[PDB]
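As structure tokens, one chain now follows by itself in the form deposited in one PDB entry.
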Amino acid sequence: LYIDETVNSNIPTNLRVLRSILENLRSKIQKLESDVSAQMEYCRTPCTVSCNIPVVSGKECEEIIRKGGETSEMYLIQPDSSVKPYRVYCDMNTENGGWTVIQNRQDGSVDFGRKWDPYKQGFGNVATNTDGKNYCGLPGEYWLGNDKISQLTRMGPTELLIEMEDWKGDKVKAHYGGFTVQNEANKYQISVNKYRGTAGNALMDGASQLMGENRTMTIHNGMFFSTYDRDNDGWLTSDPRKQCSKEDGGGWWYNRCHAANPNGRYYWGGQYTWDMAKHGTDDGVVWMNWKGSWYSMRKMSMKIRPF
């Protein structure tokens, strides 16, 4: 009988708490409405720089630390003089120095969610002038072209030091004394071995806190490079809306899909959750085997070396 009381009682806990959040969210469709111009505007004008190319060059950061190159910064390395030179950032302090940065993370600045080329050629800022000293001694997020990599790794057996530190300070790395990025012909295929390290061999050993069919399909080794227009994912779905790169924001060696997601979306604070992501997948600067599919660390660089 009584139900005719939902009118002025049961209902009076809806519209009030409906028109409310449809509104307290309305005043969101605002902030997240202008800012998209309050920063789209201050975009009208690009950012400039001036990387005074130091005197000392080399074939790559290794030969340079062997030519007096001791301060870590913007260098000009020239692998096989059968290809146009190019700037880069060297690491000449952390571990014998001479590490040629290949990718770097420490802020947003550079979106990695691009297509083929940008990944093949190279995108980002290969460091920027150190507010005072006329040279670019501090690294800036970027992804030194693929070719350049697929090539610098071709200088015989090439080491690779993927390091990282998480927001609460802690830090670990993962060295792959055996790393090679195949030619853009084998869809940049990635071969890696001799994994030493404390970060957890998430590229070879696959993601740990999982199992078989679930683990192994988080194997980055043997993997092709894939983008959101270059589908070579380990995931084989006859559907175009489903792809390990269209999701998991940013190209990378995807094997249905990842255990490590460098070049991912940039998540502030580390922890993030599906109810945030463009597609609900764990797309972010993630290294599952260490912090978990839901911790998107602060900085994560991939700097390599010959020998």
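We call the rigid core the largest set of C-alpha positions that still match within 1.5 Å between the two forms. Don't overthink the numbering: it's just position in the shown sequence, from 1.
Across the two stretches, 129-137 and 185-193, the PDB entry reports the greater mean Cα temperature factor for 129-137.
When the mean C-alpha temperature factors of 102-110 and 164-172 are read from the deposited coordinates, 164-172 comes out higher. Set against one another, the Cα B-factors of 124, 85, 206, 200 in the record reach their highest point at 85. Among 238, 261, 39, 281, the highest C-alpha B-factor in the deposited entry belongs to 238. In the deposited entry, the Cα temperature factor of residue 158 places it in the middle third of its chain's modelled residues. Among the modelled residues of its chain, residue 52 has a C-alpha B-factor that falls in the highest third according to the deposited record.
The entry lists a Cα temperature factor for residue 72 that places it in the highest third of the chain's modelled residues.
For residue 43, the recorded CA temperature factor ranks within the highest third of the chain's modelled residues.
Among all modelled residues in this chain, the alpha-carbon of residue 35 has a temperature factor (C-alpha) in the middle third.
The same protein also exists as the form deposited in another entry; that form is not shown, yet it is the one meant from here on.
Among the candidates 278, 242, 67, 28, displacement between this form and the one not shown reaches 2 angstroms at the C-alpha for one position only, 242 (superposition on the rigid core).
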